[PDB]
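*Asks:* I am sharing run.csv, which consists of CSV, C-alpha atoms and all ligand atoms:
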chain,number,residue,atom,x,y,z
X,1,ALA,CA,-58.1,24.9,4.1
X,2,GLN,CA,-56.4,27.3,6.6
X,3,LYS,CA,-56.9,24.7,9.3
X,4,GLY,CA,-54.8,22.6,7.0
X,5,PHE,CA,-52.1,25.3,7.1
X,6,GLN,CA,-52.1,25.1,10.9
X,7,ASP,CA,-51.8,21.3,11.0
X,8,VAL,CA,-48.9,21.4,8.5
X,9,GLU,CA,-47.0,24.2,10.3
X,10,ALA,CA,-47.2,22.2,13.5
X,11,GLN,CA,-46.1,19.0,11.7
X,12,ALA,CA,-43.0,21.0,10.5
X,13,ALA,CA,-42.2,22.1,14.1
X,14,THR,CA,-42.3,18.5,15.3
X,15,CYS,CA,-40.0,17.4,12.5
X,16,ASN,CA,-37.5,20.2,13.2
X,17,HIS,CA,-37.2,19.0,16.8
X,18,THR,CA,-36.6,15.5,15.7
X,19,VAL,CA,-33.9,16.6,13.3
X,20,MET,CA,-32.2,18.6,16.0
X,21,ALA,CA,-32.3,15.5,18.2
X,22,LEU,CA,-30.8,13.3,15.6
X,23,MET,CA,-28.1,15.8,15.0
X,24,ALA,CA,-27.1,15.9,18.7
X,25,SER,CA,-27.1,12.2,18.3
X,26,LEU,CA,-24.8,11.7,15.3
X,27,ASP,CA,-22.4,14.3,16.9
X,28,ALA,CA,-22.4,12.2,20.0
X,29,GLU,CA,-21.8,8.9,18.2
X,30,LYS,CA,-18.9,10.4,16.4
X,31,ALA,CA,-17.5,11.5,19.8
X,32,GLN,CA,-17.8,8.0,21.3
X,33,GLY,CA,-16.4,6.3,18.2
X,34,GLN,CA,-13.5,8.7,18.3
X,35,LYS,CA,-12.7,8.1,21.9
X,36,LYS,CA,-12.9,4.2,21.6
X,37,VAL,CA,-10.6,4.3,18.6
X,38,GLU,CA,-8.3,6.5,20.7
X,39,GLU,CA,-8.2,4.0,23.5
X,40,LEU,CA,-7.3,1.2,21.1
X,41,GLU,CA,-4.7,3.3,19.4
X,42,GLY,CA,-3.0,3.9,22.9
X,43,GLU,CA,-3.2,0.2,23.7
X,44,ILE,CA,-1.5,-0.5,20.4
X,45,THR,CA,1.2,1.9,21.2
X,46,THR,CA,2.1,0.6,24.6
X,47,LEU,CA,1.7,-2.9,23.2
X,48,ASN,CA,4.2,-1.9,20.6
X,49,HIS,CA,6.7,-0.4,23.2
X,50,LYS,CA,6.5,-3.7,25.1
X,51,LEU,CA,7.3,-5.6,21.8
X,52,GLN,CA,10.3,-3.3,21.2
X,53,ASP,CA,11.6,-4.0,24.7
X,54,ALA,CA,11.1,-7.7,23.9
X,55,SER,CA,12.8,-7.9,20.5
X,56,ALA,CA,15.7,-5.8,21.9
X,57,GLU,CA,16.3,-8.2,24.8
X,58,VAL,CA,16.2,-11.0,22.2
X,59,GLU,CA,18.7,-9.6,19.7
X,60,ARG,CA,20.9,-8.8,22.6
X,61,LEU,CA,20.9,-12.4,23.8
X,62,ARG,CA,21.4,-13.8,20.4
X,63,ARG,CA,24.5,-11.6,20.2
X,64,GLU,CA,25.8,-12.6,23.7
X,65,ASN,CA,25.2,-16.2,23.0
X,66,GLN,CA,26.7,-16.2,19.6
X,67,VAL,CA,29.8,-14.7,21.3
X,68,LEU,CA,29.8,-17.4,23.9
X,69,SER,CA,29.7,-20.1,21.3
X,70,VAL,CA,32.6,-18.4,19.4
X,71,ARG,CA,34.6,-18.2,22.6
X,72,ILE,CA,34.0,-21.8,23.2
X,73,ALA,CA,35.2,-22.4,19.6
X,74,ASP,CA,38.6,-20.7,20.0
X,75,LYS,CA,39.0,-22.7,23.2
W,1,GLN,CA,-56.7,39.4,0.9
W,2,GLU,CA,-55.2,37.4,3.8
W,3,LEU,CA,-56.6,34.3,1.9
W,4,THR,CA,-53.9,34.6,-0.8
W,5,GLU,CA,-51.3,35.1,1.9
W,6,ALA,CA,-52.4,31.8,3.4
W,7,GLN,CA,-52.4,29.9,0.1
W,8,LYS,CA,-48.7,31.0,-0.3
W,9,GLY,CA,-47.6,30.7,3.3
W,10,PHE,CA,-49.2,27.3,3.2
W,11,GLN,CA,-47.5,26.2,0.0
W,12,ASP,CA,-44.0,27.1,1.3
W,13,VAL,CA,-44.7,25.5,4.7
W,14,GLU,CA,-45.9,22.3,3.0
W,15,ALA,CA,-42.8,22.2,0.8
W,16,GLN,CA,-40.8,22.9,4.0
W,17,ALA,CA,-42.1,20.0,5.9
W,18,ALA,CA,-41.3,17.7,3.0
W,19,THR,CA,-37.7,19.0,3.1
W,20,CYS,CA,-37.4,18.2,6.7
W,21,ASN,CA,-38.8,14.7,6.2
W,22,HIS,CA,-36.1,13.9,3.6
W,23,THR,CA,-33.7,15.6,6.0
W,24,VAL,CA,-34.4,13.3,8.9
W,25,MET,CA,-34.4,10.3,6.6
W,26,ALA,CA,-30.8,11.2,5.6
W,27,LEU,CA,-29.8,11.8,9.2
W,28,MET,CA,-30.8,8.2,10.2
W,29,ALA,CA,-29.0,7.0,7.1
W,30,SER,CA,-25.9,8.8,8.2
W,31,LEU,CA,-26.2,7.7,11.8
W,32,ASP,CA,-26.4,4.0,11.1
W,33,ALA,CA,-23.6,4.5,8.6
W,34,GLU,CA,-21.5,6.0,11.4
W,35,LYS,CA,-22.3,3.1,13.7
W,36,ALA,CA,-21.2,0.6,11.0
W,37,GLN,CA,-18.0,2.5,10.3
W,38,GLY,CA,-17.3,2.6,14.0
W,39,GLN,CA,-17.8,-1.1,14.7
W,40,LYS,CA,-15.7,-1.8,11.6
W,41,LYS,CA,-12.7,0.3,12.6
W,42,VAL,CA,-12.8,-1.2,16.1
W,43,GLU,CA,-12.9,-4.8,14.7
W,44,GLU,CA,-9.8,-3.9,12.8
W,45,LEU,CA,-8.1,-2.5,15.9
W,46,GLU,CA,-9.0,-5.6,17.9
W,47,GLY,CA,-7.5,-7.9,15.3
W,48,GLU,CA,-4.4,-5.7,15.4
W,49,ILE,CA,-4.1,-5.8,19.2
W,50,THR,CA,-4.6,-9.6,19.2
W,51,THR,CA,-1.8,-10.0,16.7
W,52,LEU,CA,0.4,-7.6,18.8
W,53,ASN,CA,-0.2,-9.9,21.8
W,54,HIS,CA,0.8,-13.1,20.0
W,55,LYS,CA,3.9,-11.6,18.7
W,56,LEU,CA,4.8,-10.2,22.0
W,57,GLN,CA,4.2,-13.6,23.7
W,58,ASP,CA,6.3,-15.4,21.1
W,59,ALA,CA,9.0,-12.8,21.8
W,60,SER,CA,8.9,-13.5,25.6
W,61,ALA,CA,9.1,-17.2,25.0
W,62,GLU,CA,12.1,-16.7,22.8
W,63,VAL,CA,13.9,-14.6,25.4
W,64,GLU,CA,13.6,-17.2,28.1
W,65,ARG,CA,14.7,-20.0,25.7
W,66,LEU,CA,17.8,-17.9,25.0
W,67,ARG,CA,18.6,-17.2,28.7
W,68,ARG,CA,18.7,-21.0,29.2
W,69,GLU,CA,20.7,-21.6,26.1
W,70,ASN,CA,22.9,-19.0,27.6
W,71,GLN,CA,23.3,-20.5,31.1
W,72,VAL,CA,24.5,-23.7,29.3
W,73,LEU,CA,27.1,-22.0,27.1
W,74,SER,CA,28.3,-20.0,30.2
W,75,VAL,CA,28.9,-23.2,32.1
W,76,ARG,CA,31.0,-24.6,29.2
W,77,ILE,CA,33.1,-21.4,29.1
W,78,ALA,CA,33.7,-21.8,32.9
W,79,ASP,CA,34.8,-25.4,32.3
W,80,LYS,CA,37.5,-24.0,29.9
W,81,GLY,CA,38.6,-21.8,32.8
W,82,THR,CA,40.4,-24.9,34.2
X,101,LIG,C1,-35.5,24.3,12.7
X,101,LIG,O1,-34.7,24.2,13.9
X,101,LIG,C2,-33.9,25.4,14.2
X,101,LIG,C3,-33.1,25.1,15.5
X,101,LIG,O2,-34.0,25.3,16.6
X,101,LIG,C4,-34.8,26.6,14.3
X,101,LIG,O3,-34.1,27.7,14.8
X,101,LIG,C5,-35.4,26.8,12.9
X,101,LIG,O4,-36.3,28.0,12.9
X,101,LIG,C6,-36.2,25.6,12.5
X,101,LIG,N1,-36.6,25.7,11.1
X,101,LIG,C7,-37.9,25.8,10.7
X,101,LIG,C8,-38.0,26.0,9.2
X,101,LIG,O5,-38.9,25.6,11.4
X,102,LIG,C1,-43.1,13.3,7.2
X,102,LIG,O1,-42.8,12.1,7.9
X,102,LIG,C2,-43.7,11.6,8.8
X,102,LIG,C3,-43.2,10.3,9.4
X,102,LIG,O2,-42.9,9.4,8.4
X,102,LIG,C4,-45.1,11.5,8.2
X,102,LIG,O3,-46.0,11.0,9.1
X,102,LIG,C5,-45.5,12.8,7.6
X,102,LIG,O4,-46.8,12.8,6.9
X,102,LIG,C6,-44.5,13.3,6.6
X,102,LIG,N1,-44.8,14.7,6.1
X,102,LIG,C7,-44.7,15.0,4.9
X,102,LIG,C8,-44.9,16.5,4.5
X,102,LIG,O5,-44.4,14.3,4.0
So, in terms of structure tokens, how does the structure I just supplied come out?
Ligand SMILES: *[C@@H]1O[C@H](CO)[C@@H](O)[C@H](O)[C@H]1NC(C)=O
Ligand SMILES: *[C@@H]1O[C@H](CO)[C@@H](O)[C@H](O)[C@H]1NC(C)=O
*Replies:*
Amino acid sequence: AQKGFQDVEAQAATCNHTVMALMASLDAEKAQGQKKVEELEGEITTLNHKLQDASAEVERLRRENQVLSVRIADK
Amino acid sequence: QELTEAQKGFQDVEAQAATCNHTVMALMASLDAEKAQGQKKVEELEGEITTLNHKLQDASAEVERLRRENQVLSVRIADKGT
């Protein structure tokens, strides 16, 4: 049954390698996931800034136009 | 007496391999789980960015509309200048 011990010990070595491999994997996947999410975050941010610029121009115009209308009124 | 040493060493090495097998199993579980999560979060982000784009567009439209509305009003105010 000692031969059995040898075969099993070996089986355990193999398994350990596989586990290490998976681990490297998971860690890697987490890294990738993290960076993609980071890209999207940044695109959402700049996206936002451009939307602020937009709404600002808008409110500004609404104001300048309201004013014009009023000026026309008193005329 | 080595025989006993090998019954033991064997027993713990057996148990050990079993532990690793469950271990790997759990690792795959966790890996696919992580993929899932990843794809999910990104879908969310995508939907978010799309929405950002439509709102931004609508904004730009609105701005132009108001510049025209403006050029009109301005011409009236110039008419009054007479
Ligand atoms: C499992 O893998 C690690 C990392 O190489 C190794 O150092 C350790 O001895 C292994 N464990 C067993 C019980 O074989
Ligand atoms: C461990 O898992 C492998 C692959 O499924 C299997 O072939 C092997 O017999 C298992 N070992 C033990 C100790 O259960």
*Asks:* Work out how far CA of residue 2 (chain W) is from atom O2 of ligand LIG 101 (chain X), in Å to one decimal.
*Replies:*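 So the answer is 27.6 Å.
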*Asks:* Show me which residues line ligand LIG 102 (chain X), defined as having an atom within 12 Å of a ligand atom where all atoms listed in the file count, and present them as a PyMOL selection string.
*Replies:* (chain X and resi 4-5+7-16+18-19) or (chain W and resi 10-25)
*Asks:* Got a sec to pull out which chain X residues are within 8 Å of chain W, counting all atoms listed in the file, and send them as a short mmCIF file (atom, residue, chain, number, x, y, z; two decimals) with C-alpha atoms, keeping the file's coordinate frame?
*Replies:*
data_model
loop_
_atom_site.label_atom_id
_atom_site.label_comp_id
_atom_site.auth_asym_id
_atom_site.auth_seq_id
_atom_site.Cartn_x
_atom_site.Cartn_y
_atom_site.Cartn_z
CA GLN X 2 -56.40 27.30 6.60
CA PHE X 5 -52.10 25.30 7.10
CA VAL X 8 -48.90 21.40 8.50
CA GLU X 9 -47.00 24.20 10.30
CA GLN X 11 -46.10 19.00 11.70
CA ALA X 12 -43.00 21.00 10.50
CA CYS X 15 -40.00 17.40 12.50
CA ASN X 16 -37.50 20.20 13.20
CA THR X 18 -36.60 15.50 15.70
CA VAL X 19 -33.90 16.60 13.30
CA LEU X 22 -30.80 13.30 15.60
CA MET X 23 -28.10 15.80 15.00
CA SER X 25 -27.10 12.20 18.30
CA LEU X 26 -24.80 11.70 15.30
CA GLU X 29 -21.80 8.90 18.20
CA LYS X 30 -18.90 10.40 16.40
CA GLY X 33 -16.40 6.30 18.20
CA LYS X 36 -12.90 4.20 21.60
CA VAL X 37 -10.60 4.30 18.60
CA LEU X 40 -7.30 1.20 21.10
CA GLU X 41 -4.70 3.30 19.40
CA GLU X 43 -3.20 0.20 23.70
CA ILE X 44 -1.50 -0.50 20.40
CA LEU X 47 1.70 -2.90 23.20
CA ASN X 48 4.20 -1.90 20.60
CA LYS X 50 6.50 -3.70 25.10
CA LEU X 51 7.30 -5.60 21.80
CA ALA X 54 11.10 -7.70 23.90
CA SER X 55 12.80 -7.90 20.50
CA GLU X 57 16.30 -8.20 24.80
CA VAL X 58 16.20 -11.00 22.20
CA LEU X 61 20.90 -12.40 23.80
CA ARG X 62 21.40 -13.80 20.40
CA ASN X 65 25.20 -16.20 23.00
CA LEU X 68 29.80 -17.40 23.90
CA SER X 69 29.70 -20.10 21.30
CA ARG X 71 34.60 -18.20 22.60
CA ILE X 72 34.00 -21.80 23.20
CA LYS X 75 39.00 -22.70 23.20
#
*Asks:* Rounded to one decimal, what separation in Å do you get between atom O4 of ligand LIG 101 (chain X) and CA of residue 28 (chain X)?
*Replies:*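 Going from atom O4 of ligand LIG 101 (chain X) over to CA of residue 28 (chain X) covers 22.2 Å.
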*Asks:* As an exercise, work out the distance from atom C2 of ligand LIG 101 (chain X) to CA of residue 24 (chain X) in Å and give it to one decimal place.
*Replies:*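 Distance between the two atoms: 12.5 Å.
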*Asks:* How big is the axis-aligned box, and where does its centre sit, when it encloses all atoms of region 10-13 of chain X listed in the file and has 4 Å added on every side, reported in Å to one decimal as lines of an AutoDock Vina configuration file?
*Replies:*
center_x = -44.7
center_y = 20.6
center_z = 12.3
size_x = 13.0
size_y = 11.2
size_z = 11.6
*Asks:* For ligand LIG 101 (chain X), which of X:35, X:49, X:63, X:17 is the closest residue, counting all atoms listed in the file?
*Replies:*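 The closest residue to ligand LIG 101 (chain X) is X:17.
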